[PDB]
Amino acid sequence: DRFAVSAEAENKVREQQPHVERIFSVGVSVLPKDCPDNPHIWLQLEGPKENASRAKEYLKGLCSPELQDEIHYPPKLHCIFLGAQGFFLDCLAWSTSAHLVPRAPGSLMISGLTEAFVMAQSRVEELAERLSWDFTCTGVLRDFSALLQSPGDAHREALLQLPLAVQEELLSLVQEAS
């Protein structure tokens, strides 16, 4: 299956191409235009149909976002979006097809089609809510420790010091993405 986007947004497609490949594990191909004055370009996505559907929605949303806005949360939750070299952000982008850009600590720019923005907002809200489910280092799930073994990671500490409820949701997100 193929689909079209604005020719004026080809620049965007190419900037994001590697991230799209990494996140959805797909190939992005742009077809040559049949005429120069064409307002659209056709894309073809290479990979499993699941991966491709999600990439499609990401790319549509990237090229002309139906929603673009900052979500706001406790600054101490910001490590989740920067830690493990962006692994969690990637898993969240996978699960929602939203384009996600960390801003100030406690601020995340979410962007894409509307159903993608709301589902990402929702998931980010849930994480934030679960920070309040602290009932106090202070405890770590084995499987969570397991993902964060990459020693250089500068947000490794902050992540480990997250309460177990946030850790469990992050596991659930990673599990969803694999």
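Numbering starts at 1 and follows the sequence shown.
According to the entry, the stretch of the deposited sequence that connects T136 to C137 contains 4 to 9 residues lacking coordinates, which leaves a gap of moderate length in the model.
Stretch comparison (56-64 versus 33-41) by mean CA B-factor in the PDB entry places 33-41 on top.
Taking the PDB entry as given, 146-154 carries the higher mean Cα B factor of the two stretches 115-123 and 146-154. Compared with the other modelled residues of the chain, the Cα B-factor recorded for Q175 ranks in the highest third.
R103 sits in the highest third of its chain by CA B factor, as recorded in the PDB entry. In this PDB entry, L164 carries a Cα temperature factor that places it within the middle third of its chain's modelled residues. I71: CA B factor in the highest third of modelled residues in this chain (values from the PDB entry).
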